[PDB]
There are 2 protein chains.
Amino acid sequence: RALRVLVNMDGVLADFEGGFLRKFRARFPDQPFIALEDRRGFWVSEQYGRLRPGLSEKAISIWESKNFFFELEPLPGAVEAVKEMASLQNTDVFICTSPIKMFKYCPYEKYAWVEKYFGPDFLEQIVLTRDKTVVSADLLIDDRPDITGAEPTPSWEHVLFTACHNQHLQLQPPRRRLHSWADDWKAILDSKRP
Amino acid sequence: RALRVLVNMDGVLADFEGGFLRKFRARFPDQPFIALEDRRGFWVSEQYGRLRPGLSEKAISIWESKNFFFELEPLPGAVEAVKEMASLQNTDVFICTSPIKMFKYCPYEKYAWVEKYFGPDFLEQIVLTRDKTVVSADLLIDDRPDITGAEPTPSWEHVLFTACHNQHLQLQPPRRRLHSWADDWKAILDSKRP
Ligand SMILES: *OP(*)([O])(=O)O[C][C]1O[C](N2[C]=C([C])C(=O)[N]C2=O)[C][C]1N=[N+]=[N-]
Ligand SMILES: *OP(*)([O])(=O)O[C][C]1O[C](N2[C]=C([C])C(=O)[N]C2=O)[C][C]1N=[N+]=[N-]
Ligand SMILES: [Mg+2]
Ligand SMILES: [Mg+2]
Ligand SMILES: [Mg+2]
Ligand SMILES: [Mg+2]
C-alpha cells in the first residue's frame, strides 16, 4: 500500500563507470582503454577482454581493490533524488545492489558508502543480492538491461536507468527509461500509484 | 514454479547463541551470564541488560568483534540439510540473513562462512537484508518469532525454527515449527508444492 521502489547502486547511485576508468588509466597508463562514449554491453571486463588478451583480468583487479567501491562519486542528482523519494508519503525506498564475486571489501564498502551519503538510518534500506527477481516491489530502477533470476515473473516494473553502456539500446515496448536523476522520476512513481 | 525457500542464517544455520555465550564467558569471566536453557525473547542484549546495567553493551561488544560471525559453528544437521534441499528438483534455496548495525566485519564474515561450508558457488544464493518481508518466496525458515517490515502481506509462510529463546513459545495456529534439522523439513516443503 506504500509504493515500494528498489534503486540500484552501481551505475544509478554510484559512478562505477567513471571511477573504474579513472583508476584503470592511473594504474595501467600504457594499456589501451575504453572511453565512456564507446562503452557497449553490461560487462566492462568482457569489452576490455575483446580489446586485448589479459585486459579482462587487469579490469577486474581495479574493482577488486580496496577502496574502489568506497571512493565512487555519486552520480549527479542521485543523493538528492533518493532522499526526496524516501521522504515522500506512501513511498518506501530500498537500495538493491549486487556485490562482485570477491567479497573482501565490496559488501563492507557499500554499507560505508550508503552511511556516508544517506546517513546511519538509511543502512536499514539496503538489500544485497545477486538475484533481484526475488525482491518484491513496484519499481526497480536499474542500469542493467537484462535482469533475470529464480523468479520468472518479478513483481516490479524494471525502469532502465541510462548509462554509457546502454544509451544506444532500443528497448522492447512497453519498457521505459529514466534518463538521469534530472529526468522526471516523480512522474514514473506516480504512474504506479493507486 | 520451482519452490523457493529462504533459510535464515543466525540461529538456523549458524550457532549464534552458543558462540556468543562461550565468547562472553571467556571475555567477561566475572560477569553473570544467561545459560541457554534460561534464554527468553529474541534480543540477547535486552535480556543481558535486565540482568545488570552495563551488560547490554558488553554483550553487544562480543558480536561486534572481529571473527565472531566467521567462527560460529554450524548447527547440527544444518549444512547437510541445506545442501540436500538445494539439490532437490524444482527447489531453489536462498540464505536470508540480517546483518548487525556495526558493519565492519559482519557482512564480510557471513560471505566467508557460507563459502567455507557451502562452497563458492553458493555465494550467489545469499540475500542480506534488514527486511525479510520484501523478499518473496514460498517458505521462510527463521528462528525469530515476529518478522515484520515494509510488506504487510509477505508471500512466504514463516516456519519457526526452534531455538533456546523461542522453545517455550505458544504460536497462533496455523503457525508451524521446524524443531531442528533432524526434524522432517522435506514434509514441510512438500506441503507447499503443487
Ligand atoms: O547489477 P549491479 O547491482 O549494478 O552490479 C553488479 C556488479 O557487477 C560487477 N561487475 C561489473 C562489471 C561492469 C563487470 O564487468 N564485472 C563485474 O563483476 C560490479 C557491479 N557492482 N558491484 N559490486
Ligand atoms: O534475524 P536474523 O537474520 O537471524 O539476525 C539478526 C541479527 O540480530 C543481531 N542481534 C542478535 C541479538 C540476539 C541481539 O541481542 N542483538 C543483535 O543485534 C545478530 C543477528 N545476526 N546478525 N548479523
Ligand atoms: Mg547497476
Ligand atoms: Mg516515505
Ligand atoms: Mg535468526
Ligand atoms: Mg534445486
Side-chain angles (χ1 to χ4, degrees), chain A residues 1-2 4-7 92-99 107 110-111 114 121-138 140 149-151 154-156, chain B residues 3-14 16 41-44 63 69 75 78 82 85-86 91-101 103 106-107 110-111 113-114 122-163 165-166 169 171-172 175-178 185 188-189 192:
Chain A
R1 210 281 317 251
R4 187 175 318 133
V5 182
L6 306 183
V7 180
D92 292 333
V93 177
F94 290 85
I95 295 176
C96 184
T97 176
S98 294
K110 284 176 171 288
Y111 281 86
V114 168
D121 286 352
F122 220 80
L123 294 171
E124 298 165 35
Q125 306 302 313
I126 292 159
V127 178
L128 287 188
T129 181
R130 291 284 281 253
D131 186 340
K132 304 165 189 148
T133 70
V134 305
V135 187
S136 69
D138 297 287
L140 168 61
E151 176 54 56
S155 58
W156 33 255
Chain B
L3 190 74
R4 187 175 318 133
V5 182
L6 306 183
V7 180
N8 184 231
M9 197 165 171
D10 291 308
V12 173
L13 302 180
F16 182 97
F42 189 69
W43 305 111
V44 169
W63 55 81
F69 287 93
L75 288 155
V82 166
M85 185 192 297
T91 310
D92 292 333
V93 177
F94 290 85
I95 295 176
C96 184
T97 176
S98 294
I100 59 169
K101 292 162 159 215
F103 51 79
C106 168
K110 284 176 171 288
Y111 281 86
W113 192 96
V114 168
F122 220 80
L123 294 171
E124 298 165 35
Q125 306 302 313
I126 292 159
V127 178
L128 287 188
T129 181
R130 291 284 281 253
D131 186 340
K132 304 165 189 148
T133 70
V134 305
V135 187
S136 69
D138 297 287
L139 282 165
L140 168 61
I141 299 171
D142 193 312
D143 63 305
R144 179 163 180 180
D146 263 273
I147 302 179
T148 58
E151 176 54 56
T153 62
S155 58
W156 33 255
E157 178 187 351
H158 173 208
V159 171
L160 182 70
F161 189 88
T162 300
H165 65 78
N166 70 39
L169 283 179
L171 304 177
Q172 269 296 105
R175 292 172 169 94
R176 185 135 76 129
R177 282 186 183 261
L178 179 63
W185 58 265
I188 299 176
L189 272 62
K192 308 303 288 189

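Protein chains get the first letters and strands the later ones, always in sequence-line order, with residue 1 at the start of each. Worth knowing before you read on, the calculation uses all heavy atoms, side chains too, and leaves out hydrogens, waters and symmetry mates.
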Those residues that, when tested against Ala78(B), pass side-chain contact (heavy atoms from CB on, under 4.5 Å) (two or more places apart):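 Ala78(B) satisfies side-chain contact (heavy atoms from CB on, under 4.5 Å) with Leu13(B), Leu75(B), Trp181(B) only.
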Can you sort out the partners of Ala86(B) under side-chain contact (heavy atoms from CB on, under 4.5 Å), two or more places apart, ordered by chain and number? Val93(B), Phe122(B)
Hey, does the side chain of [X] reach the backbone of [Y] with a donor-acceptor pair shorter than 3.5 angstrom?
| X | Y | value |
| --- | --- | --- |
| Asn166(B) | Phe161(B) | yes |
| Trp156(B) | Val135(B) | yes |
| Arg4(A) | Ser136(A) | yes |

How close do [X] and [Y] get, counting heavy atoms only, and between which atoms?
| X | Y | answer |
| --- | --- | --- |
| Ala137(B) | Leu6(B) | CB-CG, 3.4 Å |
| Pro99(B) | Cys106(B) | CA-SG, 3.7 Å |
| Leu189(B) | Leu3(B) | O-CD2, 3.6 Å |
| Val134(A) | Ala150(A) | CG1-CB, 4.2 Å |
| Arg176(B) | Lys192(B) | NH2-CD, 3.6 Å |
| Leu128(B) | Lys110(B) | CD2-CD, 4.2 Å |

In this structure, are over 12 heavy atoms from other groups packed under 6.0 Å from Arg175(B) atom CZ?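 No.
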If only side-chain N and O atoms count, and only distance matters, is there a donor-acceptor pair under 3.5 Å linking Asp131(B) with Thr129(B)? no
Relative to the ring of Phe69(B), is the ring of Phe16(B) parallel (under 30°), tilted (30 to 60°) or perpendicular (over 60°)? tilted
Do the side chains of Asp143(B) and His165(B) get nearer than 4.5 Å, heavy atoms only?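 When only atoms from C-beta onward are counted, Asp143(B) and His165(B) do touch, with a gap below 4.5 Å.
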Answer yes or no: is there a side-chain heavy-atom contact under 4.5 Å between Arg130(B) and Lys101(B)? yes
